[PDB]
Amino acid sequence: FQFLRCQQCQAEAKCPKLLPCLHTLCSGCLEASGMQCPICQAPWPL
Amino acid sequence: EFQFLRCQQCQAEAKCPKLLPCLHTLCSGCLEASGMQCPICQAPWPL
Amino acid sequence: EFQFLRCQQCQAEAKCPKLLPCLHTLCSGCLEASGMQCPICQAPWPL
Amino acid sequence: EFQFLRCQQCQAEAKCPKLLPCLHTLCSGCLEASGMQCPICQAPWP
Ligand SMILES: [Zn+2]
Ligand SMILES: [Zn+2]
Ligand SMILES: [Zn+2]
Ligand SMILES: [Zn+2]
Ligand SMILES: [Zn+2]
Ligand SMILES: [Zn+2]
Ligand SMILES: [Zn+2]
Ligand SMILES: [Zn+2]
């Protein structure tokens, strides 16, 4: 079996985090996202 | 033999859910009441 | 204006998709034609 | 900050879930024990 795919850039997303919007992101896109999802702009908590 | 999806905000049936920018499933009532954003994750509705 | 979901088998509109055991989204036509298993992943339908 | 996904069979953590033909999320333990098909929906493994 392969890993999940990032729904922003379609690279492999090995161990994706649980996000509030349920999107799947690779580490690169998540670290680059700032304060909200790059796909739907759901704000990240804190 | 199969039932409909469930609303992730109120847990009722969501028979014909709309495609939202986030991946959530909402019944029509919860969508109509939501204002400018998803009531679960606050993804803004597209303008 | 929100749109309806898309069938993952034929990519037509799936306005009121049923909840399947595998979580795929199918239009009513593709579900009616499916026989006893999912046309995408072959998850068996209950019975 | 963010937590990881949950296994949909046992509800434990699934840190790095594999892509299955069905859309289910399994921890590695539940996947290793599954045999030739998904333990939730019985979609056959390729
Ligand atoms: Zn990515
Ligand atoms: Zn998102
Ligand atoms: Zn609702
Ligand atoms: Zn949402
Ligand atoms: Zn179809
Ligand atoms: Zn399926
Ligand atoms: Zn498990
Ligand atoms: Zn499954």
Side-chain angles (χ1 to χ4, degrees), chain A, chain D residues 2-46:
Chain A
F1 294 108
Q2 303 304 102
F3 293 105
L4 299 169
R5 294 275 139 177
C6 178
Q7 295 176 292
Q8 174 70 11
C9 76
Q10 278 296 297
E12 38 160 31
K14 286 174 142 170
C15 315
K17 300 300 184 205
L18 178 60
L19 309 180
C21 56
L22 303 181
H23 280 125
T24 298
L25 299 177
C26 69
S27 288
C29 290
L30 183 58
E31 283 158 7
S33 60
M35 290 175 59
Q36 68 284 119
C37 178
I39 303 167
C40 67
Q41 289 75 53
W44 296 156
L46 31 98
Chain D
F2 302 109
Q3 323 87 54
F4 289 102
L5 300 167
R6 298 273 117 194
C7 178
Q8 294 177 290
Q9 174 154 270
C10 75
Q11 286 136 16
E13 191 176 34
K15 282 209 223 128
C16 317
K18 301 297 176 120
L19 179 59
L20 311 181
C22 61
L23 299 185
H24 285 125
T25 300
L26 299 175
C27 69
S28 58
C30 287
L31 185 59
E32 247 127 71
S34 61
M36 286 168 56
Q37 67 275 319
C38 177
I40 304 170
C41 68
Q42 287 75 52
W45 296 157

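First the proteins, then the strands, lettered A, B, ... as listed; each starts at 1.
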If you look at every heavy atom in [X] and [Y], which pair is closest and at what distance?
| X | Y | value |
| --- | --- | --- |
| D:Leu5 | A:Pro16 | CD1-CG, 4.0 Å |
| D:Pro21 | A:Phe1 | CD-CE2, 4.3 Å |
| D:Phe2 | A:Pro45 | CE2-CD, 4.3 Å |

Pull every donor-acceptor pair under 3.5 angstrom between chain A and chain D and give the atom names with distances.
unit_1	atom_1	unit_2	atom_2	d
A:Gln2	O	D:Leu19	N	2.8
A:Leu18	N	D:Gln3	O	2.8

